[PDB]
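Chains C, A, D, B, A', D', B' and C' supply the protein sequences, listed in that same order. A prime marks a further copy of an entry chain.
Note that the deposited numbering has the first sequence beginning at 6, numbered continuously upward.
Note that the deposited numbering has the second sequence beginning at 5, numbered continuously upward.
Note that the deposited numbering has the third sequence beginning at 5, numbered continuously upward.
Note that the deposited numbering has the fourth sequence beginning at 6, numbered continuously upward.
Note that the deposited numbering has the fifth sequence beginning at 5, numbered continuously upward.
Note that the deposited numbering has the sixth sequence beginning at 5, numbered continuously upward.
Note that the deposited numbering has the seventh sequence beginning at 6, numbered continuously upward.
Note that the deposited numbering has the eighth sequence beginning at 6, numbered continuously upward.
Where a beta carbon is used, it is the ideal one built from N, C-alpha and C, also for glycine.
Working notes, beginning with the structure itself.
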Amino acid sequence: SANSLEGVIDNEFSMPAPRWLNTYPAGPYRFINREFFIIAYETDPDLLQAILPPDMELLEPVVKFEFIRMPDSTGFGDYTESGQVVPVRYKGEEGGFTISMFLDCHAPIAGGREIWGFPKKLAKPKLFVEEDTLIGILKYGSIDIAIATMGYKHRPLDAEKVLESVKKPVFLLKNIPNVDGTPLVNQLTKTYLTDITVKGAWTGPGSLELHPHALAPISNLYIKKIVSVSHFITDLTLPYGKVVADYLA
Amino acid sequence: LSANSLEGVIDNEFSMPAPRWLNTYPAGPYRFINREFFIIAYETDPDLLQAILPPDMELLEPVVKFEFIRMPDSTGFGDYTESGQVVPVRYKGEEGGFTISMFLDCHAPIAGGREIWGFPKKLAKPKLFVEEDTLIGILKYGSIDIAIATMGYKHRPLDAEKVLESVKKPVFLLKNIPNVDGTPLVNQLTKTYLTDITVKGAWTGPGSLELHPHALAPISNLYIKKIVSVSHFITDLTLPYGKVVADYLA
Amino acid sequence: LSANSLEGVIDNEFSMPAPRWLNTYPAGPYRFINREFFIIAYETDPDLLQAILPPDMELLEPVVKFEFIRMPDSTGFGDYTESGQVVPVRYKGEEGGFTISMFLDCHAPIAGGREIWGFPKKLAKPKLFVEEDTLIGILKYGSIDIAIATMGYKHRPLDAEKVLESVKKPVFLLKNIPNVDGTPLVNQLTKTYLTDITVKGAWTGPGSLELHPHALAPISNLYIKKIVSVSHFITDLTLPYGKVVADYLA
Amino acid sequence: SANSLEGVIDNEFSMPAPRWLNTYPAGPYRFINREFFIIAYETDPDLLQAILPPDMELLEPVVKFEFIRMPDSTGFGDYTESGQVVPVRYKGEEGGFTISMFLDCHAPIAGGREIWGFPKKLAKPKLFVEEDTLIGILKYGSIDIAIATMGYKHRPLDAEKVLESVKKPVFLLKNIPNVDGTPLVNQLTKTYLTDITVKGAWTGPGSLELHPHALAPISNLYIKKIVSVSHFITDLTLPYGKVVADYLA
Amino acid sequence: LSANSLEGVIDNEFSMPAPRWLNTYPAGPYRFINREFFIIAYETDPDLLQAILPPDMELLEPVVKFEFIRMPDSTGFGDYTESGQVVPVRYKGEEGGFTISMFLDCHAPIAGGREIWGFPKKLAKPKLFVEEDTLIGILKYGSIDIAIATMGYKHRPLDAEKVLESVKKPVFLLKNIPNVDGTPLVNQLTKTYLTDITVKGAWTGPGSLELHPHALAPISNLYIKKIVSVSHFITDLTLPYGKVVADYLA
Amino acid sequence: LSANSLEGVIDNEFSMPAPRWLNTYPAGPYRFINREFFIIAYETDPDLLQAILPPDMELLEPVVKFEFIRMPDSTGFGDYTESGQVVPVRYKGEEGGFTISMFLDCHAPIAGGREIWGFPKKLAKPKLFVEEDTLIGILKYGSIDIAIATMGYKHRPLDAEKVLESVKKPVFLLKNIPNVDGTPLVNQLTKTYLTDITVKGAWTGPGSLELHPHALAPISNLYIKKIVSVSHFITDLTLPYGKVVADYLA
Amino acid sequence: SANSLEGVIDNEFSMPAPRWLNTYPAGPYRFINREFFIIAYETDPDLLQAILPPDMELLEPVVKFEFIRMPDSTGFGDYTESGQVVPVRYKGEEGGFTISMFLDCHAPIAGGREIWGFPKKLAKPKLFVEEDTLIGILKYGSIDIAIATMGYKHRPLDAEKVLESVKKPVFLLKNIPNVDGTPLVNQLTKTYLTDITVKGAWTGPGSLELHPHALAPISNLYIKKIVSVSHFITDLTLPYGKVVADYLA
Amino acid sequence: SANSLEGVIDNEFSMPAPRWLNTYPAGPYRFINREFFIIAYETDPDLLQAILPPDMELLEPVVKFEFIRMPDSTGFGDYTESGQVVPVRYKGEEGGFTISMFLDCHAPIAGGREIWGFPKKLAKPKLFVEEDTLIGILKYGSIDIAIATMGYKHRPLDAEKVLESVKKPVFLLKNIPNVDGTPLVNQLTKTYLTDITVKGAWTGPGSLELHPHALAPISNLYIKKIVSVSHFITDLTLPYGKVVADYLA
């Protein structure tokens, strides 16, 4: 019996007063065979507008619903994610604004929330193939809150346009309370994924169904129609980012 | 058809100028009914403990209090279980506890715990249960049982007033959050006092504790030299907000 | 060897001149301990509701209160769970509730409910439970989940005196029984007041509801426009006898 | 999603003020392959006389213990029944008086109790064949309260006599409290089954065993000896009946 | 040891000059005993329906008849279940049905159905069963329940002669087969009449239908505006061969 | 309490001067409804067959009829399944069948079969069922599958009058019973005619059979050269008493 | 694949015209560790007298209810038995008359019935030890028809007396119909077990409970009181016997 | 809830009158990690000769029994195949003639049959490794109709010769009835696989066992001896083909 640890020697983030029990290591983080299944749908533009932070503009009244399989992620492990991203323009720059995310592994949850500010919660996303269908099921406790399907790699999709999309900035609200119940941190962060390879990309018919849940209200962003269906597989790196706005300043 | 009462960012519980649409935990204070504690205090190596403590905090005794806490009825956070290690300390001349490890089976209190007060919480599978004549605590992290605690069921009474005085002692915590650029953003010592506490019952008896290693939950690093106390008590109490008492980035 | 305490029908609970030997439910009143309510009130089409109301009954608001009720300790009736829909109404200048649908997993309270007061009860499989951070109600009818309700667990306190005032409101029911020749025998409006009520706790929080159709449990006809309220409360109370306030066969 | 209902338009029993939620439809009710297994036994006549209502004659101190399989019943569905019927005489007319009944489906329970006044409770009766034996087991909760066996179709039984038996009236006490705890209804009803076909009938050796239950005290009518054993299959109709006595007038 | 009666290409059931050794389905006609139909007809968007219809075919009503059909005893094809959507149409002044979707749990009738007449058959898991007081139809495609239908068990009789006249109406189908080069080979409208039909029983009652989306089984695209009929009937009938009535490659 | 209708042995079904108290099977005749036959006839070594035949019995053709028979409704004997082998024969100028092996999953018809007519029946687990497109017969003896038969389901009609003529043929059997001293007591040839036969349907199609060895069920000794016929038919018929036509101990 | 059979060459009972398919081989049959558990009880003598054949004396109105474990039996295999034996006297010779028998293996059933004339039926008897108790349960289909318990080897029993009992003749009615429905065989047979060794014998407290079944009416012989309880293990041989009466001559 | 479809817009094969419900998309179809396990065996040349279409000649009296794992097939999905291919010469050209095929996914079945004319049926083929053995099991309903085994990659096999083999034409009989029960289509098609990479190839000891089935008579082509054992893994493309003979013309 032994641990290689011992003890606050591994101070991954260079804290003057470090915490003995670590939850996540430092990055950057390498992703091999990071596999995206995205169903973009039109919704009510007002619901979306109401959610965006100051000076951020909606590129279109669309939610991008994703399932992401991350079977080999350095530091974070072997897990799956599902969530909702909104296409936006901020200060002249087009990117995405993540409004919901669900993972089945705590290290990337605590890390995602505490480093960049991803709005991550614990749930049970699954991405898998059953015969000729690619399926994503997002379960939250006992309830299936999203079911997406796609015809398996029916047609190819231009991998260069996908790369262009993956290269777009990732905008997040990093909100952390103070121990006294008031705000400590309320920031807009921006992060760019690096060293990306799109190994393959496809399109096909798709479907999405959402169901309500008091603590995962993703169904609030109701589906007017599906505007796009994508499946692609990548290797990429998630590096550190930067604060672009501080609302407490 | 269907609906959610939400919509949304109208429920801004921590008064963020620019709120996040998807909430993870509500505002407190948080009320606990039948919060049940099973604690085995043991002596370990003082040097290990002292190495872990922040600046200016003193170790009261070379002791870790290994706990299992059942929280079946917790406002805001739910129905869950916790297990972890707490060290007795003195800070600015005030005696209290310093939490060095904590593991729970529900994410809401995990996220709330880490982000509000700074509890060093990870996700695992703690269990506290009675098996015939024994109270058992088992902490499983993934596939691995990393802690097993046992106790003779309510063998002898324990002075409830003394337990109450212990629960009243401040809770000290290192609240550590990275900046998005990978450097430190927050590195604070926080202090919180549990309130409105009723000790509804307390007992002692014979006890045992076994620990096993894990790379990501190195609790066994604080090895057991001998068991120095065994306690079981049940309570109703409130977890309110707290205060920053040191800022190491200052 | 063996034996039954009865024999009997010396047990004529309702004082029938000519009693039935096999009893299905005893006489009340009936006492409930930890009768636990989870209610999501939602706006619907007022015309649908109006169509359903008996003569001279007025609709207070175009709202359906969808409920899950856990009855773990009910004198005479046992340990069971209920789900249903109740409409706020005014009858002869008095506000109360009119129950339009009800589903239980225990037959004694079904038969007694239908035959004494006139509750519109059917057999099904409702369930109320907590999972982690969430309070859940599922109503299964056969193989089909016809209602799913969720709530953030005890997120905020709710005024218990307001809850009490609500529980004290009259219960109106259409008691409808055919004659053996297929024409109506009984078609009454009854009114009953719950008594000896204690609201032991009460809470609110974010909520959701989803309904699914069923030919024999068409609750989904009362479609959800929006959720207007979410409540959770626990009580001790008594269900006594009531009175006939209208006879539609007169 | 949709329901064909909409709504209080379906008023099957012509109530001036109908209930929106229906539990059973109107009859008459058609039964295909209604299958009977009856072990008739001698018991204490005084216990039986004590149960019978005023002016009803006990024909013989016999209980007919039955299991009835109803796989195809219009309005009521696919279910199973077990119970006890006494041979009686009312105003000179021989018939049966049902003193206990147990079914595994609620629609025929509520309908049975509320229309004709069958003394129906929810349980789990089963009628099945295993090898060489016809078996009936009545389980009430976790407790098996009756077990009947018979040698499978060992000998024929006269179907004509069976038919005569099935044609005999059904006598029932229909007892309903008032919302105030006093009696509202206390009637004797009489119903005749119609359009009966006995498709087959047999006899053979039989056995019956009873066990106590506080809420299903069928064993109170103890077994002195088995007097007959019958198995028969029919098609028949359950129509409406009539009130023949009112103990409240 | 062992043997097969086969060998082989001696069994050339469709009189191919150059037969295939491995047969998939035998020749008909095909006889069905206790072919059981459960149909829920509903109103949908007429524009969706009209867009789907071939040239010169007219929509009779803006209605889809959603069906579950149990076929426990089918000569040649076996013991199987089907579910699908049929539209009422007129072609060359003849009223009939146009099948737009069909799903079965056995491949023989799938291959035979597509290749002989041109039924738009895919493989799935339809089920038709009785559950207490309810007739239920569930169509599952892979992991996904894409249709749920319920009905009150044989609540009221239905005129058997009228059902017989409906079953006698022609079956119209688009028989579409690619050439090996990826261009069209066959694009025909076929017409077939069911024969030797006995309607052994027919009923109606309250009904419900729920649909869910699927990329590869988009049945929910024909959304439900309201249910307009509910039917259950059982039959014996024969499925014989049919005729080509349009050739769109001509 | 409890009771059996018997007592008895007042039930002397076979009119024994000194009856046995515990009965194993009642007296006939015995009526079978939906007695369902699946028969694969195959050519084998005629010498093997000849060796098995009793004196003065002639083999009609070097064929074994391998059968699976489903008996779901048999007066006196119950609900059971059979598999066996029957040889076409001529005895005293009359053609019929000689049963050489038989396996049932119900003991009453085993004992009655052996002790009344002389059927060579053993206990085993034969099964006849449809899976999709295929009719299947499996004969399991203990843990070992000793026969597997398959057929394309009702692919073609079979002349039912020919089937009827076949079912009407005499059943020949060697009834062999030892004496308690280990020497022969009974060694008879019996002959029995099935009566009141209705062939309700009959079909043919492609078929297969596979046999596996077993020390105590050596059916595979009668190896398959080729399959000569495949039949499936359903009947109602009666099994009555028969007669002794040879006594080999005389 | 091959069978050693080939074929009607195996004529174990020297039939002039042998049957190809054998069900049991010839004896004698050797039993190792044949284990007996017997609860002897008093019952109604008149019921017993009614069952016994002409000129057989009832020694006492007692039924010996047995469970016998036969894990190693030449020719017949590994099986279990339960049944009822009556102490009788035939032509001055004390022995046992078996009135009911149940086994879980068909070879010893057919052989038992057809050679000596044991009244054997197929069921599921079990004999096992659980903790401190020896338990015998006889299940007939889905129904447990007998349950016997005993305190495990509480006290010794004289093995010499046990041996004397086991050496007593076995009397049986061998009854076989003619193919025409009339009697063919109706004999009383007598057989003596040979080469017996009683390896151990015990007594202790015991219990017996019986339940009815139409096709296994063992409960008809009701229990007035338990008169003896025995457990013993043996090695013994079952040989051929002789006919001692023929009721057809 | 929504589908991206709507509706006959996706007319994959350019039908003047398209079918609303699609079963399979247009090709060509890309296969990644298409894995072949083939046991070639000698059989009776006359059985084979009798099956071949006009002017087609048997290269050798051999059947090639294959299991093929297709875990990533664009348009068709994730499935497995097993079947029998015969080496043939047609009009001077050597290739293969497929006589049986079984798949566990309907899209490639309907597609294979309706486009090229593969004689495909639904079953349950499995290909997998268990310790040091590569195993293929073909189950049809309840029956195991083929079991093949191989020593795992015992020796390498010349990948260039394998490529040469995979490049050979695929000859098929495309037979489709008319709605009136007579022939509509009776064609010989020829197709060539393209863009092939043999990533690896091996040989080793092998075995094959076949069992009969009325509706999958693969055992008719009995095994005289195994002549070759191959395992190889490929990426390749299945494109459209051409009609080479029309027997209805």
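Against residue 79/A', the close residues of chain D' are 157, 158, 159, 160, 161, 207, in the order they occur along the chain (beta-carbon pairs closer than 9 Å). Membership of residue 116/A' in the alpha helix (DSSP H) is indicated by the continuous run 111-116.
Taking 8 Å as the threshold, the shortest C-beta distance from residue 123/C to chain A does not fall below it.
Under the three-state reduction of DSSP output, residue 53/D' falls in the helix class. Of the candidates 249/B', 197/B', 158/B', 250/B', the residue whose Cα lies closest to the Cα of residue 34/B' is 197/B'. The Cβ of residue 83/A' sits closer than 8 Å to at least one Cβ of chain D'. Here residue 114/B has 108, 125, 127 as same chain residues with Cβ atoms under 7 Å from its own Cβ, once five neighbours each way along the sequence are excluded. When C-alpha distances from residue 98/A are compared across 26/A, 175/A, 52/A, the shortest belongs to 175/A. A direct Cα-Cα distance of roughly 23 Å separates residue 171/C from residue 60/C. Within the stretch 134-156 of chain D, those residues whose Cβ lies closer than 7 Å to any Cβ of chain C are, in chain order, 135, 136, 137, 138, 140, 152, 154, 155, 156. When 8 Å is used as the limit between beta carbons, residue 220/C' is near these residues of chain D': 137, 138, 154, 156, 210, in chain order. Neighbours of residue 245/B in chain D, taken as residues at a C-beta separation under 7 Å, are given in chain order as 184, 185, 186. DSSP, reduced to helix, strand and coil, places residue 193/B' within a strand of the structure shown.
Contact note: residue 62/D' does not reach chain C' at a C-beta cutoff of 8 Å; the least C-beta distance is about 31 Å. Using a Cβ-Cβ distance cut-off of 8 Å, the stretch 51-69 of chain D' and the stretch 40-50 of chain C' are not in contact, since fewer than three pairs of beta carbons, one from each stretch, lie closer than that value. The beta carbon of residue 40/D' does not come within 8 Å of any beta carbon belonging to chain C', so the residue lies off that interface. The C-beta distance from residue 244/D to residue 7/B rounds to 41 Å, too long to fall under 8 Å, and the pair is not in contact. Residue 204/B is positioned such that its CB atom lies no closer than 8 Å to that of residue 163/B. Rounded to the nearest whole angstrom, the CA to CA distance from residue 83/A' to residue 130/A' is 12 Å. Residue 29/B and residue 80/B have their C-alpha atoms some 7 Å from each other. The C-alpha of residue 13/D is placed about 18 Å away from the C-alpha of residue 112/D. Setting aside the 5 residues that flank it on each side, residue 90/C' is surrounded in the same chain by 69, 101, 103, each with a C-beta closer than 6 Å to its C-beta; the list follows chain order. What residue 118/D' touches in chain B', judged by beta-carbon distance under 9 Å, is 28, 115, 118, 119, going in chain order. Judged by their CB atoms, residue 47/D and residue 23/D are not nearer to each other than the 8 Å cut-off. Taking C-beta separations shorter than 6 Å and ignoring five residues to either side along the sequence, the partners of residue 71/D' in its chain run 43, 88, following chain order. Annotation for residue 98/D': no alpha helix (DSSP H) segment contains it, though the beta strand (DSSP E) segment containing it runs 98-108.
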